[PDB]
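In what follows, a single structure is set out as structure tokens and then discussed.
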Amino acid sequence: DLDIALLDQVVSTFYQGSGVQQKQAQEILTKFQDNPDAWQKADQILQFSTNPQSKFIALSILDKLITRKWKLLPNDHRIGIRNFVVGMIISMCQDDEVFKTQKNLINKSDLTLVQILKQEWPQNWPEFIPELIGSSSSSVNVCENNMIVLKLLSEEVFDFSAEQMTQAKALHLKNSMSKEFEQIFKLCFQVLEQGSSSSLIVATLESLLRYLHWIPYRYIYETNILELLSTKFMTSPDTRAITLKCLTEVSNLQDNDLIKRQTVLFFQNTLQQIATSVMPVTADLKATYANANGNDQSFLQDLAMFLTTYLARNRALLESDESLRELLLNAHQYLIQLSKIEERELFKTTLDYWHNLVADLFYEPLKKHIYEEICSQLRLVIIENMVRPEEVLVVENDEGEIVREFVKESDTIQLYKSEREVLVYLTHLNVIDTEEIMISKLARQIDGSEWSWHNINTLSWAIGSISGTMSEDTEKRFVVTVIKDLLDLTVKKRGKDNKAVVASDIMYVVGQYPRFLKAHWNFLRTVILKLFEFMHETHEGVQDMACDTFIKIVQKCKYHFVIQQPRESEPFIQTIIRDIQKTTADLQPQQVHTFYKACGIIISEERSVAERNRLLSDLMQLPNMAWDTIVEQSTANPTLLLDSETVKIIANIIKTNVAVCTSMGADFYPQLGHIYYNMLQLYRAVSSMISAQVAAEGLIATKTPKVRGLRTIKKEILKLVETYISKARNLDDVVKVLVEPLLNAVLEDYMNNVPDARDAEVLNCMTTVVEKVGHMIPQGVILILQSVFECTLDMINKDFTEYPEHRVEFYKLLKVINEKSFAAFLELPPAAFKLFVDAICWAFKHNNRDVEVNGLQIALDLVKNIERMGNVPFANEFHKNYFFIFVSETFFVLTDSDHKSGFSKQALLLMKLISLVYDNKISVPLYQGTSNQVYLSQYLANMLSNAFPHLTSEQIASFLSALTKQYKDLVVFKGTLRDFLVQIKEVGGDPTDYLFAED
Amino acid sequence: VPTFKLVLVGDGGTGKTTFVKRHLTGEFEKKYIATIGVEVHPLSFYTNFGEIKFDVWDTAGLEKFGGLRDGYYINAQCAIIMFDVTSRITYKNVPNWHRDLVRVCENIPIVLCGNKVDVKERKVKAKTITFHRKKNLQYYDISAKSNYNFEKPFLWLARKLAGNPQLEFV
Amino acid sequence: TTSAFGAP
Amino acid sequence: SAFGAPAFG
Amino acid sequence: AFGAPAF
Amino acid sequence: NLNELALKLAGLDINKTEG
Ligand SMILES: Nc1nc2c(ncn2[C@@H]2O[C@H](COP(=O)(O)OP(=O)(O)OP(=O)(O)O)[C@@H](O)[C@H]2O)c(=O)[nH]1
Ligand SMILES: [Mg+2]
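Chains as they are written, first to last, in the deposited numbering: chain C, 10 to 262, 266 to 376, 414 to 977, 984 to 1054; chain A, 10 to 179; chain G, 110 to 117; chain F, 90 to 98; chain E, 91 to 97; chain D, 34 to 52.
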């Protein structure tokens, strides 16, 4: 269809054009490259095209042919393609302009040759390596490119062969390269010591970097390549980084004093060479990194990787000899300088090592004196680089509400914890030095020499991280001093801006020292009351700080709020509850809810149940009065929920209940009961209004402010119920009182809602119910299935994309139903059990991990359930009806291109299914005295031959043979499956590959 | 005004397209609609030193939709490698994406991004993420949904490409 | 129950 | 109807 | 499609 | 005891103009 000139035009349009025409050219190119017979256009393209991009694409088409259908080709074609690719590579190498400016095409060509080597070498090309080595002496460019070829070969065989090749083929190629590496190393070594050309030597070092991953130690330690690397190539600016990378891998390669002294030697040479030719230990790397000449940033990255890797493995080697003391401390001084570089990922690399060191010094304090200056330096470095321990996300939800929420397990948070751990160690190693550094840094905030918001915050985070380290008495003197200075600093600073910053840090520090707070009630009470005072401060961030600190402190110190302290006439929680209208008057709703949540934490600490309920009652007085009032108004006004102000008040009422229930859990029951029935009634009301309007106006009604206000009420109600039930201690009251009205209210409404009004949160609510009490409500589970299964399935069985949330929640619900209450399927008509099996297989076919995990898990659990029933009519009938359905469907997703995330579960499921037959657990023939074993093999062989006709009969037999012998060894069984996955994508696969485990 | 080709690669469903389109429209798409081959999106950032433009080549992560695959990488001047912190296998495939990428473009600035850090059940822990170290890649935790480090990848790339460490988006 | 919210 | 009609209280 | 055997 | 410290803390005021 497309001749050469037109292809060149399409390529040029795609890469250099834009917009619609670029898009149109792409679709032409994609079709062209995917054409099975396109490879015959390839050599003509490679011969005649005036476009390097066209040639790149031609090589891709060639690669497809080589990796998939090489063995179909006559031996003439193979040699022809072979000679052509080799010839093409050589031409580009002798062409100096092309060699310099078309590296991507030459690399692509080299990779193509390596693909051929994977097919032909060495059994059909035994002289390749000798032919490669001698061709290197013909031209300096061919020699350089040969290093690239050898590099790619090593990568494809050792680095990326797993899952790309069968285990047998991979072993074959690894052993092949192992047998001929002797002469490869000779060429590599020779070039390294003789070589003039920078680009040649760099390329040689790049290849060696990959060899080091797998080559025998003797090539590294019984030659003198280590000495050559550590002396010659560090003085050179173009080879420094790549040499450090090689030595780093060497530092990851015993009872051997020779190898020990060589390990010491290359480190000694490298460090000496760096100090001599590159930079001294006193070099400001922080500034050097910041200017970033050429690739200096990468060199310093590679240096930190080298030092940390070596020292983590070989520090004890350098310590066992005092002549190496200078080398040891210089290495660590370099690390100190590197740790000052403003580059997080670089800093994290050093920190991982400092953690190793200071832990060792703690458990071996006799070595401590050696590193005293290093540690003192390190204390300051970490203190000055402490990151924030807490992060908050500000997001708009689906109802248009702006919501704060704390980040969990982020990189920043993990970094804080690592920094804290090191600082905790360092504090114990020398508490005086630690205290002196923090105090003097604080003094430099006071005198203004180092004053900034970032620096005072950073220091606060550092100080707040070492609680429980100094002993209680030293801690007391330390915190008193710190709070004193910070209080004076607040007075000293001009501007509400700066004052708020220091004040927030005062509050942060005290919140980090609960032992200090608990020991002194008057001070703790003073802290809380000032936080209350801050809740009236409109200055940005202050109220959030006050509320965050409040709940943080009560989390640690709750006990002191429920008991009656000395010189108090009542537990302070009573004081808090009474003034709650005044305290929270200026807060935003979300902040008020946090306040109530904090009170809930405290009230849960009351051991007397009568008094706990009384406290809860008093706490909820304001929202209950608002709720009671609105309940009364509901009787007097049928159009009550059309008032947006009323809707908003009701929303905040429920949110307040959710907040308190979150912290109180099981203790929240009496409050829940006070509103439960009216709340459920409210739910049906607002959900009806939503569904009615969505039906009349369509999907766009979901975005309207009115509907979103109603859906907020709807979702908060479900959230409240879910929150309590998940925390309930009394499951009887859940079942006997809560569940039945809940199911009637939400399941019926969900069922009668129009599809675009059904909330997936209902399914998630039901999942929580079933998880908690599903084993106690078999009839309730059935009602759930009757209400949500078919109507939800019909929403998600047209495509794989629509209603993404219902899809996830649907199969989460099905999983826990199948887990906790499988009895529900035993009572249901066959037509519905069929729908159940259909739904599972439908989840298999998703390119959606969140859906596919549960689909697999359900299938696994289902087979486990039925197998458990034993020799019983239901189990036996299931086997006749569905055994091969699951077998073939599992084999389908296994062999399909994009279901790799479920591979582990698929393999397990297949093992389990095979177990049912080859362990004779199925008491009944599966076919309409032939044993089930041989009918299974016949089914599979026929299934596989049909689906993959290019497979030989011996391939299939050998595969099924291995499978039915390995179904109890997961690791081996997986390996056999991966081998099969490799072989179904190519032609002429070796059937003896499946004997890999046995030999 | 300089235009820089940016190639965006990573496993399917990691959030590459939703990341780009939120940068373009401000909207966050909930549905997973797999990209087929590649889509090119002009994306401008106004800085304190004027406009900088990216031609974002949003490539397909699913194998059946891969298209030209590494053919898309030609003339790339920078790159983002994306994975999903809720899915271990997407991080496991990072070396594979990086491999195909640098074989075409041997010395371009590359950012590794762990997306979806807003999700509660995080599977790829922060301590585990170290691949970028030996490859000299930048790394960021990001969330296209909750606006966490949302502009960091483009900011770092812009500074690297413009050779200006003081570059800020305005 | 004690309320009569209803759906207008 | 395949699962049977729901009986709501 | 939804109800069909994949193979 | 920390009465002196508690009193100081109680005086914490970001709206005073005594910088
Ligand atoms: N929770 C959460 N979900 C996200 C985030 N980013 C994206 N997603 C979701 O993840 C899915 C990813 O969608 P896409 O952006 O199209 O995935 P992709 O990387 O482009 O996949 P391919 O086009 O096949 O290569 C979408 O359903 C998004 O809604 C995130 O930051 N947090
Ligand atoms: Mg996409």
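Backbone N, C-alpha and C define an ideal beta-carbon position, used for all residues, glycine too.
> Going by alpha carbons, who is nearest to residue 429 of chain C out of C:417, C:554 and C:488?
Replying inline: C:488
> Should residue 986 of chain C be labelled buried (16 or more other beta-carbon atoms within 10 Å of its own) or exposed?
Replying inline: exposed
>> Taking the alpha-carbon of residue 970 of chain C as reference, which of C:640, C:1021, C:921 and C:688 has the nearest alpha-carbon?
In response: C:921
> Measuring from the CB of residue 525 of chain C, is there a heavy atom of ligand 2 at a distance below 7 Å?
Replying inline: no
> Any chance the CB of residue 949 of chain C is under 7 Å from a heavy atom of ligand 4?
Replying inline: Of the ligands this structure carries, namely ligand 1 and ligand 2, none is ligand 4.
> So does residue 858 of chain C have its beta carbon nearer than 7 Å to some heavy atom of ligand 1?
Replying inline: no
> Is the region 1016-1035 of chain C close to the region 955-962 of chain C, with three or more CB pairs under 8 Å?
Replying inline: yes
> Can you tell me the Cα-Cα spacing of residue 350 of chain C and residue 14 of chain A, whole angstroms?
Replying inline: 32 Å
> For residue 502 of chain C, does the three-state DSSP call read helix, strand or coil?
Replying inline: helix
> What are the boundary residues of the alpha helix (DSSP H) that residue 79 of chain C is part of?
Replying inline: Where residue 79 of chain C is concerned, there is no enclosing alpha helix (DSSP H), given that its DSSP letter is neither H nor E.
> Bridge partners of residue 171 of chain C, per DSSP?
Replying inline: C:174
> Quick one: which chain F residues come within Cβ less than 8 Å of residue 800 of chain C?
Replying inline: 95
> Roughly how many angstroms separate the alpha carbons of residue 1050 of chain C and residue 1018 of chain C, rounded to a whole number?
Replying inline: 11 Å
>> Under 8 Å, with one C-beta from each stretch per pair, do the region 435-444 of chain C and the region 452-463 of chain C reach the 3-pair mark?
In response: yes
>> Let me see if you follow: with CB-CB separation under 8 Å, is residue 839 of chain C close to chain F or not?
In response: yes
> Exposed or buried, what is residue 418 of chain C when buried is set at 16 or more other beta-carbons lying within 10 Å of its beta-carbon?
Replying inline: exposed
> Can you tell which of C:865, C:25, C:432 and C:12 has its C-alpha closest to the C-alpha of residue 484 of chain C?
Replying inline: C:432
> Based on Cα-Cα distance, which residue from A:10, A:11 and A:38 lies nearest to residue 854 of chain C?
Replying inline: A:38
>> In this structure, how does DSSP classify residue 122 of chain A when only helix, strand and coil are distinguished?
In response: strand
>> Can you pull out the residues from the region 783-812 of chain C whose beta carbon lies closer than 9 Å to at least one beta carbon of chain D?
In response: none
>> Measuring alpha carbon to alpha carbon, tell me which residue in C:809, C:706, C:960 and C:35 is nearest residue 1114 of chain C.
In response: Nothing can be reported for residue 1114 of chain C: it is not among the residues displayed for chain C, which extend from 10 to 1054.
> Curious, which full-length alpha helix (DSSP H) runs of at least 4 residues does the region 742-810 of chain C contain?
Replying inline: 754-776 and 789-801
> Are the C-beta of residue 680 of chain C and some C-beta of chain G separated by less than 8 Å?
Replying inline: yes
>> Please output, in chain order, the residues near ligand 2 using a CB cut-off of less than 7 Å to any non-hydrogen atom of the ligand.
In response: A:25, A:26, A:43, A:44, A:67, A:69 and A:70
> According to DSSP, is residue 243 of chain C helix, strand or coil?
Replying inline: coil
>> As an exercise, report each continuous alpha helix (DSSP H) stretch of at least 4 residues that is fully enclosed by the region 102-157 of chain A, in chain order.
In response: 103-111 and 140-144
>> According to DSSP, residue 55 of chain A sits in a beta bridge with which residue or residues?
In response: A:60
> With a Cβ-Cβ cutoff of 8 Å, do residue 11 of chain C and residue 41 of chain C count as a contact?
Replying inline: yes
>> Does the CB of residue 750 of chain C have a neighbour CB from chain F at under 8 Å?
In response: no
> Going along the region 880-892 of chain C in order, which residues come within less than 7 Å of chain E, judged by CB to CB distance?
Replying inline: 887 and 891
> Does the beta-carbon distance from residue 159 of chain C to residue 207 of chain C come in below 8 Å?
Replying inline: no
> In this structure, what does DSSP give as the bridge partners for residue 67 of chain A?
Replying inline: A:17 and A:48
> How long is the line joining the alpha carbons of residue 142 of chain A and residue 360 of chain C, rounded to whole angstroms?
Replying inline: 10 Å
>> Using a Cβ-Cβ cutoff of less than 6 Å, which residues in the same chain neighbour residue 264 of chain C once the five nearest sequence positions on both sides are dropped?
In response: This model leaves out residue 264 of chain C; its place in chain C lies between 262 and 266, and no residues are given there.
>> What would DSSP say about residue 636 of chain C, mapped onto helix, strand or coil?
In response: coil
>> Under 7 Å, CB to CB, which of the residues in the region 305-319 of chain C have a partner in chain A?
In response: 310, 313 and 317
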